Amino acid sequence: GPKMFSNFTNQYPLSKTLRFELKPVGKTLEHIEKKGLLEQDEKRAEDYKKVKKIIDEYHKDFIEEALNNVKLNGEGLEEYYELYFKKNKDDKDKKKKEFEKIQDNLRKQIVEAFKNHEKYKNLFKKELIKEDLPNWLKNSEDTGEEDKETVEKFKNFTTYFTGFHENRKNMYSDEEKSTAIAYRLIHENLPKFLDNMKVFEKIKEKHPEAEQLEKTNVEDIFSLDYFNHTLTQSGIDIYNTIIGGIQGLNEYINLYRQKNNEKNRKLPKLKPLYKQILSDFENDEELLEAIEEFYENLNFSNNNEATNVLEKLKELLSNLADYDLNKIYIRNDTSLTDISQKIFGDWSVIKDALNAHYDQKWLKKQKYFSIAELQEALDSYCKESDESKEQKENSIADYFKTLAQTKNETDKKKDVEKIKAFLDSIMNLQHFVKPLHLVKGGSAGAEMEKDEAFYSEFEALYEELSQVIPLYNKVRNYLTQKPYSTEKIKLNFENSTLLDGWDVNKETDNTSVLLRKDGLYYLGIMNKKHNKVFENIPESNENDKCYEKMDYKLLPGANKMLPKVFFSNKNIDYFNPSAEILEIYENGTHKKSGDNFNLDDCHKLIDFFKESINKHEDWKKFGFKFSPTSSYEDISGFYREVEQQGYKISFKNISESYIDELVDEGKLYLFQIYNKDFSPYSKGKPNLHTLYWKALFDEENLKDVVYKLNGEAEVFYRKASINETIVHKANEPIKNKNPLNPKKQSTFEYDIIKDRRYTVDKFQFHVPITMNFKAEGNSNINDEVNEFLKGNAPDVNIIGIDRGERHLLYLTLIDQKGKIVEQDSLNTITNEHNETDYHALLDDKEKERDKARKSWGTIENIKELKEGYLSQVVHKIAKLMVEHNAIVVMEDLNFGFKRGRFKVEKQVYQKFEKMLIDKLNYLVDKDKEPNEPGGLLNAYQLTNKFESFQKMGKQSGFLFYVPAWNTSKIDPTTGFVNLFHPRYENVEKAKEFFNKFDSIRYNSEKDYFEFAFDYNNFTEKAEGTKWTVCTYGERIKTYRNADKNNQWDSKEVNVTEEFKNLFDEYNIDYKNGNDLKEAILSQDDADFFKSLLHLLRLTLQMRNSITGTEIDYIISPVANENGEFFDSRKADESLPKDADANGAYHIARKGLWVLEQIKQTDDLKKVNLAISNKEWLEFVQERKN
RNA sequence: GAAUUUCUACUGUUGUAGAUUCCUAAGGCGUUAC
DNA sequence: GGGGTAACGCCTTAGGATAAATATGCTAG
DNA sequence: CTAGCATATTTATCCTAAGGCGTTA
Ligand SMILES: [Mg+2]
Ligand SMILES: [Mg+2]
Ligand SMILES: [Mg+2]
Ligand SMILES: [Mg+2]
Ligand SMILES: [Mg+2]
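What the first sequence shows, in PDB author numbering, is residues 1 to 216, 230 to 258, 268 to 302, 313 to 392, 412 to 464, 490 to 1261, in sequence order.
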């Protein structure tokens, strides 16, 4: 248990943000409201967003004005051209290093073009907002007084923009990051530009095409060196306009490839370049008024001729029989499908008649057909299934008038239900009449002379009903848009650098202190006018009650704070560095990155740094205990030691009366850092974040720091989102929800208000902390994990997690020998208290979501439940692994995803893997002792830090990822796998395929058949041994999938019985006991071969699935060389019981193979954890172990 | 019709059990119903 | 499996999680 | 003319250690 993971603690540091609630104390809120800080901070946030937009426009203008004067050398361009398109060749140094060199050359050229502009000097400084942005706005043609006023509001709040300016600094960088202009222009636009150039050259040179060759500026006439003008946003925009879309160069090719219908012509479609970085109802009354207006417009009062669209349209449709059918047009869209379904009951009669009798080429597909042509086609449609003579007569007109009047005879008609019903009826009528409506004009010709008396009225009548679609769009935009809003406003309390640091020296500039009284922590944000109130404390006497202010001391960055302080202009005369030390620092001989490294020079510099630290008045109080200077391989170790030992927290008693006077006078804004575990009523185990916060200041933790209090915290303000409430009244019993609780009625002495935290305005507080403050260097622990697994072989179990069809998640824990130790479905979780059948309520929420989205009142959710269900599975996995000494093997959803039809989709399982990785990065137990492996101060770290879904490979510490190929269709016994593919419809090939069978004989004993073959004949890849697949398994058949009497269904069929009933029809004798291999070569009767192959597909695949009950098993058709065939129903408690545990068991077996591979290999740090199909299949069929 | 830094399941009784890394910025992709 | 559209969702990446030196506004003069 | 204080704004700049391919559910 604890010994296997005892060494994997304190490996790498993590940074996590703790969130609390700030309860105002005393007169804090009164003074805040009196000074109007909340409204001013809301206005400040609005102004901040507007100034962000203005600065973004300034940056766009700077980019446009700077990249129009860049001139690429050109010599490197052709070098990149030849390197990129010199075929695949081999992944050698010339393929990678030279490519990186030329890419870096181009990026440096672009960055040099960037830095040459004068604006770049003061682009991320106060000079921008103070004098460059106002000048730019003045020179702006449109600008406005509002823009200048918003900019001038931030005249002194320049330090508020430091984060935004550091975000903007990434764009003008030559690094390999994806947030850089140069990186984009080199890695995304230019490669696609080269591809487009080559493909256009090939297309032009190969041969002329049907479309015009664009011969009749233009990128075609000027293509070489055009990329130099593509760099600017305007240049690439004009390029994309020329090529994309308006007639473009590739528009003709797109029009012509559809004529070709060729894959080799579809690909030449030229891809567009990526855009440049930084480039570009009211209420229910109105809805009711609009509904009433539409109702008045539709029905009105039958004044000034019949304007009622409801009845005039019906009369016009009924009169279609009298009107000539040679000029009435009909849509070729799904309206034809609906007409066919309504008239005959089959939605394919009319289309089949049109495609088989009207004409037979590309059938001259036209948008609109003719009523006369449809009638002629339907008058003779080969009569697939109908009466000998059909009284269709004017079938189209008869159906039209029928659906117009005799459908229901109820066409004429604040609550949504009535409005929704009326709208749905109107849309049904409009969709019914849509096929008779003409869309646009000049649609593939046709549109000859029409019936004036009918179409002239129809076009005028349909325009009134055409207003529903914009009305529907407005309705769906307004009425469908959850009860609460998690919108918060950042509070600064008039301080730009608020909470930026906790240090004692910076507490007057950051105006934030941390107090603590009787186990409750408080946050004091002094008024900016009175920021020096925590420096003149009269006394720290203990006789009266006192708070406990925090004395926070830090040396954040050693490599920066040491040279900055020791070599500054105002301190270099104090520490007095010798000329040798100055020369050493200037030359860079101390830096290992530099080429002039000298160990003695670095050691001399470190000795000088130690002497200066002992000279410093503030830093000599850190109690720095340094290892001997001769043991530093480089200054990096000294910096690590300085950073580790440079952190101290002490608490100073300050009189409570003084703090209360400060709060009352308005000089201090006292908030209580709150969390429901700080309540005087809380009695159970607290949250993990509560434990971390309490351990931040624990004396045991402060003895050797593990958790560190970070700076740059934030205070937010969230308003109320739910005015009305849903309160459970006091002294009124409430029905319990869980169906396993022994108690059904719960009565409380107090009110319980649903979403109480969203009905009142709440302050917030986001505290960053650093766990494992002294974890030296181990971010990739795979080297230690494999080295440990190489030695302790008969101690480590394996855990396999699979996402099944009947179970949300399944887990199987197998020993190192192979036999299962513990298997359990994870669709239900069993804690120390009531168990949640997460499978059930997930399906209930799935049903409720569609029910709500269908009628009205959509709340969705579901995703949070599925992402809150895995939060318990993750804890279960962690506890099981810690208490069973097991590695975790899971599916690899990058290189091998499984199919669909799973309760946990691919994207949800990816988040489950991410959350498991995140939980295993710092795994504490809420019950273990602090100084115990796995406790609060000795957390397990069994997984590398998360970087990306693709950054993690086939191992993430103690986690392993294996391909999910052939994991659910193999035997726990000797591993027969269905590698067959009958592939019928080729009569000639069936005889050859069946010829390769070694022996097809009837076994009178044991009642089943016997198929003998070898996997060398089929599946040309030579692997495995001779198999003896029998006909004892796979007794579930699906008849068909569509309609009725051939819908998805399950019928229990005895495969031997079907064998006998198929063989007796052709006198293939089998009772003699001899083989029938030389009996099927009789040819003829392709239906017999089809049925035989369909039955063969029903006798060699193990999984038998049903669409109804939980009936599911993996009964196998092969022998276990012992006299029995594996069946999931007869579970041995050591083989997967259900049909879903097979996948988990085989993933655990893949993990066992990974363990064995690690054991055999003696080349750690380069182990090959990728298991291919061949070696996996060999491993499963262990035969003689 | 159920309390929460926040989420999920709760009533475990002004709360129970387990996840919980927050802010800012850039870009790419995808049902859809227009 | 469908002709030149964005409200909405998903994904990727990047920066930070700082104290102290230094320049500037304001009072004093 | 102007020493001193308070406040806002730019500044200082390590080193490791990487990471890949078996097709198919
Ligand atoms: Mg400040
Ligand atoms: Mg709790
Ligand atoms: Mg699976
Ligand atoms: Mg809580
Ligand atoms: Mg809830």
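Yeah, the Cβ is synthetic: ideal placement off N, Cα and C, and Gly gets one too.
Going by the DSSP bridge assignment, what does residue i pair with across the sheet?
| i | result |
| --- | --- |
| residue 17 | 844 |
| residue 600 | 589, 746 |
| residue 876 | 888, 965 |
| residue 623 | 730 |
| residue 785 | 845 |
| residue 185 | Partner(s): none; residue 185 has no beta bridge. |
| residue 910 | None, per the DSSP bridge assignment. |
For residue i and residue j, I'd like the C-alpha separation in whole angstroms.
| i | j | result |
| --- | --- | --- |
| residue 204 | residue 191 | 20 Å |
| residue 53 | residue 244 | 23 Å |
| residue 342 | residue 144 | 53 Å |
| residue 37 | residue 565 | 11 Å |
| residue 1196 | residue 963 | 29 Å |
| residue 813 | residue 918 | 15 Å |
| residue 1187 | residue 1137 | 26 Å |
| residue 139 | residue 47 | 21 Å |
| residue 1067 | residue 914 | 52 Å |
| residue 920 | residue 941 | 11 Å |
| residue 160 | residue 44 | 11 Å |
| residue 723 | residue 26 | 33 Å |
| residue 1083 | residue 1106 | 10 Å |
| residue 1144 | residue 1065 | 21 Å |
| residue 1179 | residue 1198 | 22 Å |
| residue 1119 | residue 763 | 54 Å |
| residue 6 | residue 1011 | 11 Å |
| residue 1264 | residue 759 | Since the first and last residues shown for the chain are 1 and 1261, residue 1264 lies out of range. |
| residue 1134 | residue 978 | 32 Å |
| residue 823 | residue 802 | 17 Å |
| residue 834 | residue 752 | 15 Å |
Assuming residue i contacts residue j (C-beta within less than 8 Å), just tell me the rounded distance between them.
| i | j | result |
| --- | --- | --- |
| residue 349 | residue 420 | Actually they are not in contact, since the Cβ atoms of residue 349 and residue 420 sit about 18 Å apart, beyond 8 Å. |
| residue 593 | residue 554 | 52 Å between Cβ atoms; not a contact. |
| residue 1240 | residue 863 | 6 Å |
| residue 721 | residue 698 | 6 Å |
| residue 122 | residue 132 | 6 Å |
| residue 292 | residue 381 | Contact doesn't hold; Cβ gap of about 44 Å is too wide. |
Quick check: does the Cβ of residue i come within less than 8 Å of any heavy atom belonging to ligand 7?
| i | result |
| --- | --- |
| residue 1002 | Absence of ligand 7 is noted for the structure shown, with ligand 1, ligand 2, ligand 3, ligand 4 and ligand 5 being the only ligands found. |
Self-check item: Meets three-Cβ-pair contact criterion under 8 Å: the segment 783-791 and the segment 840-849
Solution: yes
Quiz item: What beta strand (DSSP E) runs, 3 residues minimum, are completely inside the segment 979-1061?
Solution: 1035-1038
Quiz item: Quick check: the segment 1237-1252 against the segment 875-889, are there 3 or more CB pairs under 8 Å?
Solution: Pairwise C-beta distances place the segment 1237-1252 out of contact with the segment 875-889, as fewer than three of them are shorter than 8 Å.
Quiz item: Given 8 Å as the limit, is there contact between the segment 865-883 and the segment 1221-1237, that is, 3 or more CB pairs closer than that?
Solution: Result yes; three or more Cβ-Cβ pairs closer than 8 Å.
Quiz item: If you scan the segment 626-681 from start to end, which runs of the alpha helix (DSSP H) of 4 or more residues do you find wholly inside it?
Solution: 634-642, 648-651, 655-663
Practice problem: Count the C-beta pairs between the segment 1200-1215 and the segment 1038-1048 that are closer than 8 Å, then say yes if the count reaches three, no if not. | Solution: yes
Self-check item: alpha helix (DSSP H) runs wholly inside the segment 677-759, at least 4 long, in chain order
Solution: 711-721, 732-741
Quiz item: Touch check for the segment 441-460 and the segment 908-917: three-plus C-beta pairs under 8 Å?
Solution: no
Quiz item: Do the segment 1028-1038 and the segment 979-998 touch if we need at least three Cβ pairs shorter than 8 Å?
Solution: Put simply, the segment 1028-1038 touches the segment 979-998. At least three CB pairs are less than 8 Å apart.
Quiz item: If you pair each beta-carbon of the segment 601-615 with each one of the segment 632-647, do three or more pairs fall below 8 Å?
Solution: no
Quiz item: Within the chosen definition, does the segment 545-562 reach the segment 515-527 through at least 3 CB pairs nearer than 8 Å?
Solution: no
Quiz prompt | Segment contact flag, the segment 804-821 with the segment 574-582, C-beta cutoff 8 Å, min 3 pairs | solution = no
Quiz item: Can at least three beta-carbon pairs, one atom from the segment 151-170 and one from the segment 68-88, be found at a separation below 8 Å?
Solution: no
Quiz item: Where in the segment 491-558 do unbroken runs of the alpha helix (DSSP H), each at least 4 residues long, occur, reported from the N-terminal end onward?
Solution: Given a length threshold of 4 residues, each whole run of the alpha helix (DSSP H) inside the segment 491-558 is given here in chain order: 492-509, 528-541, 544-554.
Practice problem: Specify whether the segment 821-832 and the segment 686-695 touch according to this definition: at least 3 beta carbon pairs, one from each stretch, less than 8 Å apart. | Solution: no
Quiz item: So does the segment 283-301 actually touch the segment 178-188, counting three or more Cβ pairs closer than 8 Å?
Solution: yes
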